[PDB]
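> Sharing data-v8.pdb here; it has PDB, C-alpha atoms and all ligand atoms.
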ATOM      1  CA  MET D   1      18.300   2.113   3.325
ATOM      2  CA  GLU D   2      20.482   0.031   5.758
ATOM      3  CA  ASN D   3      18.275  -3.137   5.938
ATOM      4  CA  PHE D   4      18.508  -3.454   2.117
ATOM      5  CA  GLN D   5      21.292  -4.392  -0.302
ATOM      6  CA  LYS D   6      20.751  -2.854  -3.802
ATOM      7  CA  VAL D   7      21.308  -5.223  -6.738
ATOM      8  CA  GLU D   8      20.815  -2.784  -9.720
ATOM      9  CA  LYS D   9      18.905   0.334 -10.926
ATOM     10  CA  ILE D  10      15.777  -1.162 -12.584
ATOM     11  CA  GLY D  11      14.143   2.067 -13.827
ATOM     12  CA  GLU D  12      13.099   5.745 -13.475
ATOM     13  CA  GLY D  13       9.687   6.522 -11.959
ATOM     14  CA  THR D  14       7.552   9.673 -11.977
ATOM     15  CA  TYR D  15       8.735  10.599  -8.434
ATOM     16  CA  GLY D  16      12.045   8.726  -7.995
ATOM     17  CA  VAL D  17      14.631   5.967  -8.778
ATOM     18  CA  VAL D  18      13.488   2.294  -8.725
ATOM     19  CA  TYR D  19      16.016  -0.338  -7.531
ATOM     20  CA  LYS D  20      15.926  -4.146  -7.258
ATOM     21  CA  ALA D  21      16.968  -4.817  -3.633
ATOM     22  CA  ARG D  22      17.342  -7.650  -1.099
ATOM     23  CA  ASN D  23      16.358  -7.424   2.588
ATOM     24  CA  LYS D  24      19.305  -8.293   4.910
ATOM     25  CA  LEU D  25      17.055  -9.836   7.637
ATOM     26  CA  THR D  26      14.352 -11.721   5.608
ATOM     27  CA  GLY D  27      16.378 -12.425   2.432
ATOM     28  CA  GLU D  28      13.381 -11.382   0.267
ATOM     29  CA  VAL D  29      13.961  -9.681  -3.137
ATOM     30  CA  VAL D  30      12.000  -6.425  -3.398
ATOM     31  CA  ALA D  31      11.547  -3.326  -5.651
ATOM     32  CA  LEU D  32      12.877  -0.269  -3.747
ATOM     33  CA  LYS D  33      11.531   3.181  -4.734
ATOM     34  CA  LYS D  34      13.230   6.392  -3.437
ATOM     35  CA  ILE D  35      11.420   9.791  -3.632
ATOM     36  CA  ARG D  36      13.415  13.112  -3.545
ATOM     37  CA  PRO D  37       3.787  17.161   3.871
ATOM     38  CA  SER D  38       2.138  15.074   6.650
ATOM     39  CA  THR D  39      -1.052  14.490   4.518
ATOM     40  CA  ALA D  40       0.989  12.725   1.751
ATOM     41  CA  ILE D  41       2.382  10.403   4.505
ATOM     42  CA  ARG D  42      -1.165   9.486   5.762
ATOM     43  CA  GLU D  43      -2.367   8.820   2.133
ATOM     44  CA  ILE D  44       0.444   6.345   1.320
ATOM     45  CA  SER D  45       0.184   4.657   4.787
ATOM     46  CA  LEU D  46      -3.500   3.784   4.031
ATOM     47  CA  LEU D  47      -2.325   1.958   0.814
ATOM     48  CA  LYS D  48      -0.466  -0.699   2.955
ATOM     49  CA  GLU D  49      -4.024  -2.077   3.616
ATOM     50  CA  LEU D  50      -5.322  -2.006  -0.049
ATOM     51  CA  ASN D  51      -4.434  -5.696  -0.652
ATOM     52  CA  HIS D  52      -5.625  -7.832  -3.713
ATOM     53  CA  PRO D  53      -3.974 -10.471  -6.059
ATOM     54  CA  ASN D  54      -4.081  -7.976  -9.029
ATOM     55  CA  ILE D  55      -2.493  -4.973  -7.137
ATOM     56  CA  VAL D  56       1.328  -4.700  -6.536
ATOM     57  CA  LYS D  57       1.807  -5.087  -2.762
ATOM     58  CA  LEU D  58       3.032  -2.060  -0.796
ATOM     59  CA  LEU D  59       5.234  -3.959   1.691
ATOM     60  CA  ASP D  60       6.519  -0.865   3.626
ATOM     61  CA  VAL D  61       6.716   2.997   3.769
ATOM     62  CA  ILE D  62       9.974   4.466   5.274
ATOM     63  CA  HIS D  63      10.462   8.210   6.026
ATOM     64  CA  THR D  64      14.091   8.923   7.070
ATOM     65  CA  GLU D  65      16.528  11.894   6.867
ATOM     66  CA  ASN D  66      13.678  13.764   5.061
ATOM     67  CA  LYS D  67      13.299  11.315   2.051
ATOM     68  CA  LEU D  68      10.591   8.773   1.029
ATOM     69  CA  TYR D  69      11.292   5.048   0.550
ATOM     70  CA  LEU D  70       8.635   2.628  -0.874
ATOM     71  CA  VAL D  71       9.136  -1.167  -0.588
ATOM     72  CA  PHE D  72       7.191  -3.181  -3.216
ATOM     73  CA  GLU D  73       6.788  -6.830  -4.275
ATOM     74  CA  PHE D  74       9.117  -7.652  -7.198
ATOM     75  CA  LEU D  75       7.832  -8.693 -10.671
ATOM     76  CA  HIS D  76      10.268  -9.491 -13.522
ATOM     77  CA  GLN D  77       8.688  -7.581 -16.451
ATOM     78  CA  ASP D  78       6.217  -4.837 -17.498
ATOM     79  CA  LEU D  79       3.562  -4.865 -20.313
ATOM     80  CA  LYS D  80       5.354  -2.181 -22.389
ATOM     81  CA  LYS D  81       8.413  -4.564 -22.819
ATOM     82  CA  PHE D  82       6.120  -7.588 -23.442
ATOM     83  CA  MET D  83       4.238  -5.658 -26.253
ATOM     84  CA  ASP D  84       7.569  -4.750 -27.965
ATOM     85  CA  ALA D  85       8.893  -8.359 -27.822
ATOM     86  CA  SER D  86       5.501  -9.653 -29.172
ATOM     87  CA  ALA D  87       5.211  -6.822 -31.823
ATOM     88  CA  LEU D  88       5.833  -8.937 -34.953
ATOM     89  CA  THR D  89       3.422 -11.780 -33.991
ATOM     90  CA  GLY D  90       0.953 -10.026 -31.644
ATOM     91  CA  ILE D  91      -0.225 -11.116 -28.178
ATOM     92  CA  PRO D  92      -2.671 -14.081 -28.624
ATOM     93  CA  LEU D  93      -6.380 -13.161 -28.064
ATOM     94  CA  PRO D  94      -6.814 -15.627 -25.041
ATOM     95  CA  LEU D  95      -3.875 -13.854 -23.250
ATOM     96  CA  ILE D  96      -5.192 -10.310 -24.107
ATOM     97  CA  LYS D  97      -8.629 -11.371 -22.679
ATOM     98  CA  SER D  98      -7.143 -12.832 -19.418
ATOM     99  CA  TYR D  99      -4.952  -9.725 -18.797
ATOM    100  CA  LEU D 100      -7.985  -7.392 -19.315
ATOM    101  CA  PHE D 101     -10.153  -9.658 -17.036
ATOM    102  CA  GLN D 102      -7.488  -9.557 -14.271
ATOM    103  CA  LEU D 103      -6.870  -5.798 -14.711
ATOM    104  CA  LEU D 104     -10.696  -5.171 -14.433
ATOM    105  CA  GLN D 105     -10.658  -7.267 -11.187
ATOM    106  CA  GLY D 106      -7.853  -5.089  -9.748
ATOM    107  CA  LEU D 107      -9.709  -1.834 -10.686
ATOM    108  CA  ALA D 108     -13.108  -3.137  -9.306
ATOM    109  CA  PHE D 109     -11.464  -3.818  -5.865
ATOM    110  CA  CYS D 110      -9.765  -0.347  -5.640
ATOM    111  CA  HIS D 111     -12.809   1.618  -6.977
ATOM    112  CA  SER D 112     -14.881  -0.164  -4.206
ATOM    113  CA  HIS D 113     -12.629   1.467  -1.538
ATOM    114  CA  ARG D 114     -13.008   4.862  -3.373
ATOM    115  CA  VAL D 115      -9.368   4.628  -4.670
ATOM    116  CA  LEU D 116      -8.330   5.530  -8.231
ATOM    117  CA  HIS D 117      -4.944   5.218  -9.957
ATOM    118  CA  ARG D 118      -5.410   8.233 -12.359
ATOM    119  CA  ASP D 119      -2.219   7.412 -14.394
ATOM    120  CA  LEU D 120      -2.499   3.952 -16.038
ATOM    121  CA  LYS D 121       0.061   3.038 -18.751
ATOM    122  CA  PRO D 122       1.661  -0.306 -19.950
ATOM    123  CA  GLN D 123       4.855   0.785 -18.020
ATOM    124  CA  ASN D 124       3.139   0.516 -14.554
ATOM    125  CA  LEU D 125       1.487  -2.859 -15.452
ATOM    126  CA  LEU D 126       3.603  -5.843 -14.232
ATOM    127  CA  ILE D 127       3.563  -9.531 -15.420
ATOM    128  CA  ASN D 128       4.924 -12.939 -14.225
ATOM    129  CA  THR D 129       5.581 -16.483 -15.668
ATOM    130  CA  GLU D 130       2.345 -17.864 -14.072
ATOM    131  CA  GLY D 131       0.109 -15.716 -16.398
ATOM    132  CA  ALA D 132      -0.701 -13.044 -13.793
ATOM    133  CA  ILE D 133      -0.832  -9.230 -14.333
ATOM    134  CA  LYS D 134      -0.795  -6.537 -11.544
ATOM    135  CA  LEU D 135      -1.264  -2.721 -11.279
ATOM    136  CA  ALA D 136       1.775  -0.777  -9.875
ATOM    137  CA  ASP D 137       1.868   2.802  -8.319
ATOM    138  CA  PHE D 138      -1.860   2.711  -7.361
ATOM    139  CA  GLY D 139      -2.956   5.709  -5.226
ATOM    140  CA  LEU D 140       0.280   7.755  -5.560
ATOM    141  CA  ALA D 141      -1.444  10.398  -7.795
ATOM    142  CA  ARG D 142      -3.778  11.430  -4.898
ATOM    143  CA  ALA D 143      -0.703  11.771  -2.559
ATOM    144  CA  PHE D 144       1.197  13.894  -5.172
ATOM    145  CA  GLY D 145      -0.526  15.197  -8.353
ATOM    146  CA  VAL D 146       0.611  14.078 -11.858
ATOM    147  CA  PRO D 147       3.484  16.402 -13.018
ATOM    148  CA  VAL D 148       4.191  17.587 -16.598
ATOM    149  CA  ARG D 149       7.754  16.137 -16.299
ATOM    150  CA  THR D 150       9.345  13.368 -14.131
ATOM    151  CA  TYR D 151      12.291  13.852 -11.641
ATOM    152  CA  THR D 152      14.654  13.243 -14.666
ATOM    153  CA  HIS D 153      12.658  15.963 -16.632
ATOM    154  CA  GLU D 154      11.196  13.143 -18.858
ATOM    155  CA  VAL D 155       7.758  13.961 -20.413
ATOM    156  CA  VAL D 156       4.819  12.247 -18.635
ATOM    157  CA  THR D 157       2.686  10.422 -21.303
ATOM    158  CA  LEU D 158      -0.702  11.993 -22.347
ATOM    159  CA  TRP D 159      -1.739   8.926 -24.532
ATOM    160  CA  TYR D 160      -3.936   7.307 -21.789
ATOM    161  CA  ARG D 161      -5.495  10.478 -20.369
ATOM    162  CA  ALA D 162      -9.344  10.635 -20.054
ATOM    163  CA  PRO D 163     -11.155  13.550 -21.937
ATOM    164  CA  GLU D 164     -12.637  15.067 -18.718
ATOM    165  CA  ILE D 165      -9.095  15.646 -17.298
ATOM    166  CA  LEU D 166      -7.994  17.314 -20.654
ATOM    167  CA  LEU D 167     -11.132  19.590 -20.632
ATOM    168  CA  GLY D 168     -10.194  20.919 -17.155
ATOM    169  CA  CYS D 169     -12.483  18.836 -14.898
ATOM    170  CA  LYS D 170     -11.425  19.324 -11.253
ATOM    171  CA  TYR D 171     -13.330  16.350  -9.670
ATOM    172  CA  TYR D 172     -12.147  13.072 -11.324
ATOM    173  CA  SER D 173     -14.213   9.895 -10.835
ATOM    174  CA  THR D 174     -13.127   6.219 -11.197
ATOM    175  CA  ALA D 175     -14.274   6.352 -14.878
ATOM    176  CA  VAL D 176     -10.791   7.884 -15.634
ATOM    177  CA  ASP D 177      -9.099   4.464 -15.044
ATOM    178  CA  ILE D 178     -11.665   2.647 -17.277
ATOM    179  CA  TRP D 179     -10.742   5.079 -20.166
ATOM    180  CA  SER D 180      -6.937   4.390 -19.789
ATOM    181  CA  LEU D 181      -7.543   0.580 -19.637
ATOM    182  CA  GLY D 182      -9.704   0.856 -22.818
ATOM    183  CA  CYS D 183      -6.825   2.657 -24.594
ATOM    184  CA  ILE D 184      -4.372  -0.105 -23.446
ATOM    185  CA  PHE D 185      -6.891  -2.831 -24.590
ATOM    186  CA  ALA D 186      -6.986  -1.311 -28.142
ATOM    187  CA  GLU D 187      -3.109  -1.068 -28.203
ATOM    188  CA  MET D 188      -2.755  -4.837 -27.250
ATOM    189  CA  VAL D 189      -5.093  -5.845 -30.141
ATOM    190  CA  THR D 190      -3.681  -3.339 -32.718
ATOM    191  CA  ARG D 191       0.138  -3.416 -31.894
ATOM    192  CA  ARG D 192      -0.060   0.437 -32.149
ATOM    193  CA  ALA D 193      -1.064   3.181 -29.633
ATOM    194  CA  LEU D 194      -4.718   4.357 -29.927
ATOM    195  CA  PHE D 195      -4.230   8.173 -29.391
ATOM    196  CA  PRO D 196      -0.404   8.954 -29.352
ATOM    197  CA  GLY D 197      -0.641  12.734 -28.740
ATOM    198  CA  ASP D 198       2.429  14.980 -28.152
ATOM    199  CA  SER D 199       0.605  17.953 -26.499
ATOM    200  CA  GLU D 200      -2.688  18.345 -24.577
ATOM    201  CA  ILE D 201      -4.439  19.813 -27.671
ATOM    202  CA  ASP D 202      -2.952  17.128 -30.035
ATOM    203  CA  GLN D 203      -4.239  14.400 -27.618
ATOM    204  CA  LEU D 204      -7.706  16.062 -27.450
ATOM    205  CA  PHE D 205      -7.939  16.459 -31.302
ATOM    206  CA  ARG D 206      -6.822  12.825 -31.832
ATOM    207  CA  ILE D 207      -9.694  11.571 -29.559
ATOM    208  CA  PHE D 208     -12.129  13.821 -31.589
ATOM    209  CA  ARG D 209     -10.865  12.650 -35.031
ATOM    210  CA  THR D 210     -11.766   9.035 -34.053
ATOM    211  CA  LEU D 211     -14.748   9.253 -31.624
ATOM    212  CA  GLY D 212     -16.263  12.455 -33.064
ATOM    213  CA  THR D 213     -16.223  15.919 -31.504
ATOM    214  CA  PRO D 214     -18.488  15.748 -28.394
ATOM    215  CA  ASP D 215     -21.652  17.940 -28.007
ATOM    216  CA  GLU D 216     -24.620  18.302 -25.560
ATOM    217  CA  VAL D 217     -26.270  15.216 -27.212
ATOM    218  CA  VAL D 218     -23.460  12.686 -26.419
ATOM    219  CA  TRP D 219     -21.936  14.540 -23.405
ATOM    220  CA  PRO D 220     -24.386  16.726 -21.384
ATOM    221  CA  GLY D 221     -22.321  19.518 -19.818
ATOM    222  CA  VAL D 222     -19.282  19.389 -22.207
ATOM    223  CA  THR D 223     -19.807  22.987 -23.552
ATOM    224  CA  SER D 224     -19.781  24.373 -19.929
ATOM    225  CA  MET D 225     -16.428  22.658 -19.055
ATOM    226  CA  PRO D 226     -13.369  24.819 -18.042
ATOM    227  CA  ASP D 227     -11.042  24.255 -21.085
ATOM    228  CA  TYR D 228     -13.781  23.724 -23.749
ATOM    229  CA  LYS D 229     -13.701  26.212 -26.687
ATOM    230  CA  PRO D 230     -16.648  26.670 -29.164
ATOM    231  CA  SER D 231     -13.884  27.233 -31.832
ATOM    232  CA  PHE D 232     -13.073  23.424 -31.719
ATOM    233  CA  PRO D 233     -13.151  21.716 -35.182
ATOM    234  CA  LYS D 234     -16.192  19.479 -35.751
ATOM    235  CA  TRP D 235     -15.062  15.952 -36.780
ATOM    236  CA  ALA D 236     -17.506  13.102 -37.427
ATOM    237  CA  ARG D 237     -17.287   9.771 -35.518
ATOM    238  CA  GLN D 238     -15.297   6.927 -37.194
ATOM    239  CA  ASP D 239     -16.898   3.421 -37.293
ATOM    240  CA  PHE D 240     -15.060   0.968 -34.872
ATOM    241  CA  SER D 241     -14.476  -1.912 -37.278
ATOM    242  CA  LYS D 242     -11.781   0.490 -38.705
ATOM    243  CA  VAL D 243     -10.587   1.384 -35.131
ATOM    244  CA  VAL D 244      -9.745  -2.162 -33.877
ATOM    245  CA  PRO D 245      -9.646  -4.822 -36.675
ATOM    246  CA  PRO D 246      -9.748  -7.890 -36.577
ATOM    247  CA  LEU D 247     -11.360  -7.791 -33.029
ATOM    248  CA  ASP D 248     -14.825  -9.494 -32.792
ATOM    249  CA  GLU D 249     -18.184  -7.830 -31.966
ATOM    250  CA  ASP D 250     -18.115  -8.704 -28.196
ATOM    251  CA  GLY D 251     -14.686  -6.986 -27.961
ATOM    252  CA  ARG D 252     -15.862  -3.980 -30.069
ATOM    253  CA  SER D 253     -19.025  -3.635 -27.880
ATOM    254  CA  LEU D 254     -17.014  -3.715 -24.559
ATOM    255  CA  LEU D 255     -14.307  -1.233 -25.836
ATOM    256  CA  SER D 256     -17.117   1.153 -27.019
ATOM    257  CA  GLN D 257     -18.636   1.175 -23.484
ATOM    258  CA  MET D 258     -15.132   1.818 -21.951
ATOM    259  CA  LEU D 259     -14.546   4.731 -24.396
ATOM    260  CA  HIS D 260     -17.869   6.605 -23.821
ATOM    261  CA  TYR D 261     -17.412  10.447 -23.522
ATOM    262  CA  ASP D 262     -19.711  11.045 -20.553
ATOM    263  CA  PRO D 263     -18.000   9.604 -17.399
ATOM    264  CA  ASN D 264     -21.515   8.732 -16.024
ATOM    265  CA  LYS D 265     -22.380   6.455 -18.982
ATOM    266  CA  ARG D 266     -18.860   4.852 -19.243
ATOM    267  CA  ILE D 267     -18.991   1.193 -18.018
ATOM    268  CA  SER D 268     -17.828   0.445 -14.443
ATOM    269  CA  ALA D 269     -15.102  -2.148 -13.674
ATOM    270  CA  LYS D 270     -17.757  -4.332 -11.928
ATOM    271  CA  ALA D 271     -20.158  -4.255 -14.960
ATOM    272  CA  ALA D 272     -17.319  -4.832 -17.533
ATOM    273  CA  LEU D 273     -16.600  -8.205 -15.759
ATOM    274  CA  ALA D 274     -20.240  -9.290 -16.553
ATOM    275  CA  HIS D 275     -19.765  -8.592 -20.344
ATOM    276  CA  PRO D 276     -20.323 -11.648 -22.661
ATOM    277  CA  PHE D 277     -16.754 -10.971 -24.022
ATOM    278  CA  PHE D 278     -15.480 -12.747 -20.893
ATOM    279  CA  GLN D 279     -17.735 -15.845 -21.494
ATOM    280  CA  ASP D 280     -14.682 -17.985 -22.458
ATOM    281  CA  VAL D 281     -11.859 -16.449 -20.294
ATOM    282  CA  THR D 282      -8.958 -18.771 -19.494
ATOM    283  CA  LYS D 283      -5.603 -18.184 -17.755
ATOM    284  CA  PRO D 284      -2.831 -18.952 -20.335
ATOM    285  CA  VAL D 285       0.951 -18.693 -19.524
ATOM    286  CA  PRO D 286       3.257 -16.485 -21.708
ATOM    287  CA  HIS D 287       6.724 -17.460 -23.109
ATOM    288  CA  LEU D 288       8.742 -15.131 -20.810
ATOM    289  CA  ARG D 289      12.537 -14.826 -21.265
ATOM    290  CA  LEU D 290      14.192 -13.542 -18.033
TER     291      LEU D 290
HETATM  292  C1  LIG D 301       9.555  -4.034 -15.427
HETATM  293  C2  LIG D 301      10.612  -4.890 -14.718
HETATM  294  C3  LIG D 301      11.282  -4.153 -13.551
HETATM  295  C4  LIG D 301      10.279  -3.458 -12.620
HETATM  296  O1  LIG D 301       9.922  -2.307 -12.870
HETATM  297  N1  LIG D 301       9.889  -4.203 -11.573
HETATM  298  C5  LIG D 301       9.043  -3.892 -10.569
HETATM  299  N2  LIG D 301       8.814  -4.740  -9.569
HETATM  300  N3  LIG D 301       8.029  -4.242  -8.748
HETATM  301  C6  LIG D 301       7.752  -2.978  -9.055
HETATM  302  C7  LIG D 301       6.934  -2.022  -8.447
HETATM  303  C8  LIG D 301       6.771  -0.766  -9.037
HETATM  304 CL1  LIG D 301       5.783   0.407  -8.232
HETATM  305  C9  LIG D 301       7.429  -0.463 -10.240
HETATM  306  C10 LIG D 301       7.221   0.759 -10.878
HETATM  307  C11 LIG D 301       6.436   0.798 -12.037
HETATM  308  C12 LIG D 301       6.191   2.011 -12.687
HETATM  309  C13 LIG D 301       6.734   3.196 -12.182
HETATM  310  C14 LIG D 301       7.533   3.159 -11.034
HETATM  311  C15 LIG D 301       7.766   1.945 -10.376
HETATM  312  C16 LIG D 301       8.206  -1.447 -10.864
HETATM  313  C17 LIG D 301       8.400  -2.695 -10.253
END
Can I see the file as structure tokens?


Amino acid sequence: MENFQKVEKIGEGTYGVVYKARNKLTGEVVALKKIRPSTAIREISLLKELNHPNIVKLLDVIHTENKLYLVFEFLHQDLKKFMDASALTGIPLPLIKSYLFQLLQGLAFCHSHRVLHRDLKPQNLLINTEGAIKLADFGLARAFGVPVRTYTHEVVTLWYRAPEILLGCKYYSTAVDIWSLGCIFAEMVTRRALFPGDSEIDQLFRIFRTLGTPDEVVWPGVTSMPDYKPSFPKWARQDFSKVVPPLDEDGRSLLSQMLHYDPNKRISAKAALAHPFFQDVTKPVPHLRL
């Protein structure tokens, strides 16, 4: 775009190239996303009004010479990079708590306007020096469905996918985002991915090896689902003290409610914020190197 001066290529998205740019009129540093129907245009235009402190601001939507440009607020780092830098020491519990609290606040706002992300991962989670965390790419999965591969042919991660999506459920609810956040929560505490599957079936069998193979008792309607097979191996449920040590009981209780099989019984973002785990939340600042 003409009104912007590119500074450098800052990454590869699901849909297109992400650049760090500067506006020639305002002088403001921005994140410029470039992609490549009329309904997809309407969907993204509505997101310019989904404003909250824990959601990455969609500053503008530009459709020119038959290509999509998305102007976002700039944040210096993502959670994936922070987790790798903090891998040998771990992220301190007060910081893990604050990030989850703030993420749950972002989700609660969006789910109240009937908007879901559908593809949460540490990569699309952005952090700053003031101790804040924000959700990036929110609502883009409704506009264009999640592909198998990115524009660069890179494999789209299955690690954070909810079990209802993997079983062939056509009508996804907001409970899908609560699952992904729960998986990210466990990863922050553990310093290792919860379910790092490398195929849809590997992902599904990894969930089952830990949480137990679901049945009509725990999940009413699971056996009637599109991709469910009665030939599925029957694994028993693992404890939880083995799943996320050395995390306390309040943390184990909250994670358990976020990882429930039945989407209807899985805790909402609003209810999670009322959990006694957040009794002593604070807002600490991390030691960011930029
Ligand atoms: C992680 C440090 C560089 C970076 O991505 N900065 C961002 N600033 N604002 C952004 C807004 C967005 Cl939307 C995405 C971004 C994140 C995931 C996938 C595609 C794009 C990234 C940034």

> Starting from the displayed file, determine the output of the PyMOL selection byres (((chain D and resi 184) around 12) and not hetatm) and express the residue list as JSON, numbers by chain.

{"D": [79, 80, 83, 96, 99, 100, 103, 119, 120, 121, 122, 123, 124, 125, 159, 160, 161, 177, 178, 179, 180, 181, 182, 183, 185, 186, 187, 188, 189, 190, 191, 192, 193, 194, 195, 196, 244, 255, 258, 259]}

> Just want the 9 Å neighbourhood of residue 174 of chain D, counted on all atoms listed in the file, with same-chain residues fewer than 3 positions away dropped. Output as an NGL selection string.

:D and (107 or 111 or 114-118 or 177-178 or 263 or 268-269)

> Smallest atom-to-atom distance to residue 157 of chain D: which of D:26, D:203, D:105, D:45, using all atoms listed in the file?

D:203

> For a test of reading the model, state the distance in Å between atom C1 of ligand LIG 301 (chain D) and atom CA of residue 29 of chain D, rounded to one decimal.

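Atom CA of residue 29 of chain D lies at a distance of 14.2 Å from atom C1 of ligand LIG 301 (chain D).
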
> How many Å separate atom CA of residue 252 of chain D from atom CA of residue 240 of chain D?

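That distance, rounded to one decimal, is 6.9 Å.
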
> Using only C-alpha atoms and all ligand atoms, I'd like a table of the residues in chain D that come within 9 Å of ligand LIG 301 (chain D); for each, show the closest atom pair and its distance in Å rounded to one decimal, ordered by chain and ascending number, as a tab-separated table.


residue	atom	partner	partner_atom	distance
D:10	CA	D:LIG301	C3	5.5
D:11	CA	D:LIG301	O1	6.2
D:12	CA	D:LIG301	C14	6.6
D:13	CA	D:LIG301	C14	4.1
D:14	CA	D:LIG301	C13	6.5
D:15	CA	D:LIG301	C14	8.0
D:16	CA	D:LIG301	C14	7.8
D:17	CA	D:LIG301	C14	8.0
D:18	CA	D:LIG301	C15	6.0
D:19	CA	D:LIG301	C4	8.3
D:20	CA	D:LIG301	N1	7.4
D:30	CA	D:LIG301	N3	7.0
D:31	CA	D:LIG301	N3	4.8
D:32	CA	D:LIG301	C7	7.8
D:33	CA	D:LIG301	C15	6.9
D:56	CA	D:LIG301	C7	6.5
D:57	CA	D:LIG301	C7	8.2
D:58	CA	D:LIG301	CL1	8.3
D:70	CA	D:LIG301	CL1	8.2
D:71	CA	D:LIG301	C7	8.2
D:72	CA	D:LIG301	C7	5.4
D:73	CA	D:LIG301	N3	5.3
D:74	CA	D:LIG301	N2	3.8
D:75	CA	D:LIG301	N2	4.2
D:76	CA	D:LIG301	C2	4.8
D:77	CA	D:LIG301	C2	3.7
D:78	CA	D:LIG301	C1	4.0
D:79	CA	D:LIG301	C1	7.8
D:80	CA	D:LIG301	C1	8.3
D:81	CA	D:LIG301	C1	7.5
D:121	CA	D:LIG301	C12	8.7
D:122	CA	D:LIG301	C12	8.9
D:123	CA	D:LIG301	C12	5.6
D:124	CA	D:LIG301	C12	3.9
D:125	CA	D:LIG301	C11	7.0
D:126	CA	D:LIG301	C1	6.3
D:127	CA	D:LIG301	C1	8.1
D:135	CA	D:LIG301	CL1	8.3
D:136	CA	D:LIG301	CL1	4.5
D:137	CA	D:LIG301	CL1	4.6
D:138	CA	D:LIG301	CL1	8.0

> Of the candidates D:112, D:257, D:64, D:38, which one gets nearest to residue 2 of chain D if we count all atoms listed in the file?

D:64

> Counting all atoms listed in the file, which residue out of D:110, D:40, D:272, D:35 sits closest to residue 145 of chain D?

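Closest candidate: D:40.
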
> Selection in question (the file shown): the PyMOL selection byres (((chain D and resi 49) around 12) and not hetatm). Which residues does it include, as an NGL selection string?

:D and (43-48 or 50-52 or 55-61 or 110 or 113 or 115 or 139)

> Could you tell me, as a list in words, exactly which residues end up selected when the PyMOL selection byres (((chain D and resi 97) around 9) and not hetatm) is applied to this structure?

residues 92, 93, 94, 95, 96, 98, 99, 100, 101, 102, 185, 277, 278, 280, 281, 282 and 283 of chain D

> For atom CA of residue 273 of chain D and atom CA of residue 108 of chain D, determine how far apart the two atoms are, in Å to one decimal place.

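Going from atom CA of residue 273 of chain D over to atom CA of residue 108 of chain D, I get 8.9 Å.
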
> Restricting the calculation to only C-alpha atoms: of D:236, D:41, D:274, D:201, which residue gets closest to residue 63 of chain D?

D:41

> Pick from D:225, D:25, D:1, D:218: nearest to residue 67 of chain D, with all atoms listed in the file counted?

D:1

> Using only C-alpha atoms, can you list as an MDAnalysis selection string the residues within 10 Å of (-7.1, 17.2, -25.7)?

chainID D and resid 158:159 161:168 197 199:208 227:228

> Could you check which of D:144, D:4, D:235, D:69 is closest to residue 37 of chain D, using all atoms listed in the file?

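Looking at the shortest contact to residue 37 of chain D, the residue is D:144.
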
> At a cut-off of 10 Å, using all atoms listed in the file, what residues contact residue 129 of chain D? Leave out same-chain residues fewer than 4 positions from it and give the result as a PyMOL selection string.

chain D and resi 75-77+133+284-290

> I'd like the box whose edges run along x, y and z of the file and which contains every listed atom of segment 215-224 of chain D, padded by 5 Å per side; could you state its centre and edge lengths in Å, one decimal, as AutoDock Vina command-line options?


--center_x -22.8 --center_y 18.5 --center_z -23.9 --size_x 17.0 --size_y 21.7 --size_z 18.2

> Compile the contact shell of residue 250 of chain D as a tab-separated table (two decimals) with C-alpha atoms, in the coordinates of the input: residues with an atom at most 7 Å away, counting all atoms listed in the file, same-chain residues fewer than 3 positions apart removed.


chain	number	residue	atom	x	y	z
D	253	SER	CA	-19.02	-3.64	-27.88
D	254	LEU	CA	-17.01	-3.72	-24.56
D	276	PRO	CA	-20.32	-11.65	-22.66
D	277	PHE	CA	-16.75	-10.97	-24.02
